[PDB]
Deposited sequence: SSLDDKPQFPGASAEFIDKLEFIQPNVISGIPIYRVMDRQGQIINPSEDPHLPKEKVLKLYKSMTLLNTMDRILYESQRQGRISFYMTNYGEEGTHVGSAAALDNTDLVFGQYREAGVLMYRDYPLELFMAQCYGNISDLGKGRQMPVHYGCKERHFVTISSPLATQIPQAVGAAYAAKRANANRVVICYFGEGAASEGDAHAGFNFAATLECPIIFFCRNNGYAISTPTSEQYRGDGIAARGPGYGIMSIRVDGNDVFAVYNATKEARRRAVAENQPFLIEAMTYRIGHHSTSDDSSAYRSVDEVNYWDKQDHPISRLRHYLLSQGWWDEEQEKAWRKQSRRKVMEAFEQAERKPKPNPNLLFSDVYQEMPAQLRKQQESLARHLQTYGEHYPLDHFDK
């Protein structure tokens, strides 16, 4: 065969290629539901202090979720997306990254920020859009961003970060400072055309990026039987020439091993990797707990003490957030462009005049200056 599009032999028999869906890409697991390491040769033997940091980040994230979720139900904040079931994927993968690796994601990635030590007061400031929000109160709650922690500000439109992440990985390659980009998205977001753009560009442009797809069987109400008919998202990787694997998202050690190894090869080889972590819409926290217990690294007393301390750290940050003023309304006009166009200043000026005369009708009491 002499065709430039494909390397292949002839076949002289008509045979359609069938998807293997019933017996799909198997799910990599390191520890069972009792926290037992299943195959010692796969054990990462993470040191105690790091593993406890994993546990504590997962649980502190869960405490904050509980509080902010209830806050949403009471109408004190307008929107919340929790991390339940996603603590393991996010803390375990973040731990395998370098601190300066650039992270793109969307709604279930607060675990990454938590592992990277983002202050509770800042998760709070964004949710309340208060003066302490470096996002200046402009986006809906849970749209976190941190330039210091290399965490690209979340946006609501699904899958848009995927080809952007590939660009940032291309740019990193050129800069030659050994960094990877990771890009998280859900299985529903993987149906958008921007996922096909990102996947394809990453392979043809040879970019050091890890695609991390979290598959929980649902996109809002839509089960996966209605989202795709192939063997999940992992089965799609090899079709773009991307090395792919599927892991148990309830096993922090399995997420960690796959992420660590993807990072090593992506960076060395300038090639993309796809990790599909399976989760539920048995739980990453309890599974790691059973592991801590069996090593003698945790116990009931420590667990109750930590539950109490984390609750109070969260509530201290919560109460302080609720009490801060919102930013000056002047800030609705800045950062539209880097500079402020004169015609936009003129609109800023019209609001100032408007509030001089009609301000009694606006909630000026809560906003700074």
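Absent C-alpha positions map to the deposited sequence ranges 1-6, 288-312, in order along the chain.
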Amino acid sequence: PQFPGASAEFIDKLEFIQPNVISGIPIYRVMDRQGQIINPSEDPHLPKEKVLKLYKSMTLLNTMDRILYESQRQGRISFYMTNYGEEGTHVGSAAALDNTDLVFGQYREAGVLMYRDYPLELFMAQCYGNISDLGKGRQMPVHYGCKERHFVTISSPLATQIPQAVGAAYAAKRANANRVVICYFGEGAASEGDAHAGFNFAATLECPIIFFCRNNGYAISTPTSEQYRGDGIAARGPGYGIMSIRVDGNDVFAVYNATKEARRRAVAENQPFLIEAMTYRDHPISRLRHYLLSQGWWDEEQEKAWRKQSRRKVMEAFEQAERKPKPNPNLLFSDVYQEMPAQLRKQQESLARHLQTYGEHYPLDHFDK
From here on, numbers count along this sequence of modelled residues.
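In this text, rigid core is short for the largest set of C-alphas that superpose within 1.5 Å between two forms.
Where the structures in 7 other deposited structures of this protein are fitted on the rigid core, 14-22 is the one of 351-359 and 14-22 whose C-alphas sit farther from the shown form on average. When the C-alpha B-factors of 171-179 and 213-221 are averaged, 171-179 comes out higher. Higher mean CA B-factor, judged across 30-38 and 332-340 from the recorded values: 30-38. Ranking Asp98, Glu206, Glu276, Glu192 by the C-alpha B-factor listed in the PDB entry places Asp98 at the top. The PDB entry assigns its highest CA temperature factor, among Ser71, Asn130, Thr153, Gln227, to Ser71. Among the modelled residues of the chain, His143 sits in the lowest third by CA temperature factor in this PDB entry.
In this PDB entry, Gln18 carries a Cα temperature factor that places it within the highest third of its chain's modelled residues. Ranked against the other modelled residues of its chain, the C-alpha B-factor of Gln106 as given in the entry falls in the highest third.
In the PDB entry, a CA B factor belonging to the middle third of its chain's modelled residues is recorded for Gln348. The PDB entry assigns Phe201 a C-alpha temperature factor belonging to the lowest third of its chain's modelled residues.
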